[PDB]
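As a starting point, one isolated chain is supplied in C-alpha cells, in the form deposited in one PDB entry.
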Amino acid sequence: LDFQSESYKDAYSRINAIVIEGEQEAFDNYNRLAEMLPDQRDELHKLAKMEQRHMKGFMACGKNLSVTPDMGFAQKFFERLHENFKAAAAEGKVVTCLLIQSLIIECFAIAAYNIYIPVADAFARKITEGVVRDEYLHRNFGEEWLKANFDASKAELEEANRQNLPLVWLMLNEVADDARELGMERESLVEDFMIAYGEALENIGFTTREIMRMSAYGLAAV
C-alpha cells in the first residue's frame, strides 16, 4: 500500500489514535484490576507495564508515518465501554472488569492486530508483532482466572457479556471503513473476532448453546 497517500494517512490518523487510546486504557484497567485482585497483584502490574510499552510503540508508528493521531475520535470510540469498566470497578465487580479487558478487548485486539500485520509498513509490522504476542498472555491470564473461578463467576459473566459485547461490535462497525483503507478486510475482522471470543468462552466453560446466545448479543447489535 501507499503509506504516504493522503487517504491512507487520514485513515491512519484515526486508527493510530484508537490503538494508542486502547493501550492507555488497558494500562489503567490492569492497574485497577491489580487493586481488585491482591493475590494476582504482581502479575497484573506486569500486564499493565506491557500495555505502557505497547502504547509507546504505537505512538512511534504514527511518528514514523508523519501522522498526528486524532485522539478526540479515539476517546469517543472507547467511551461507552470504558465507562462500563469504570462503573464495574467502582462496584467491586472484578468478573465484569476481567471480561471487558482480558477477554473482549484482548480478543478484539488479537484479531485486528493479526490482520494488520501482513499489510503494515515494515516499522509498524515489527512493533505489532511484538505487541500481539503479549496480547496472547493477557487473554490467557483472563481465561485461566475465569476458568478456575467459573462457577462463582458465571452469572456475572453472562450479564457482563450481554451489556458489553454489543459495544465492541459497534466499535468493529465504526472502524471498518478506515481499516479497509489500511488493507484490513471487515469480513476477516468479524470472523476472526467471533472465532477468538467464541473459543475463549468455550475454554472457560460455556456450552454450545451458551456460546451462541452470548455471541448473538454482539452480532444482533449491528
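Just count from 1 along the sequence shown to find any residue number. Only residues modelled in both forms are compared. By rigid core we mean the largest C-alpha set that fits within 1.5 Å across both forms.
The same protein has a further form, the form deposited in another entry, not shown here; the description that follows concerns it.
A.B. asks: Please name the single residue among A87, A152, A148, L137 whose Cα shifts by at least 2 Å between this form and the one not shown after core superposition.
C.D. replies: After core superposition, the one over threshold is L137.
A.B. asks: Using the form shown as baseline, tell whether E43 and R139 are closer or farther in Cα-Cα distance in that other deposited form, where the change reaches 3 Å or more.
C.D. replies: It is closer: in that other deposited form, the C-alpha atoms of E43 and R139 lie at least 3 Å nearer than they do here.
A.B. asks: After a core superposition, which runs of 3 or more consecutive residues shift by at least 2 Å in C-alpha position between this form and the one not shown?
C.D. replies: Three-plus residue runs displaced between this form and the one not shown: 133 to 140, 220 to 222.
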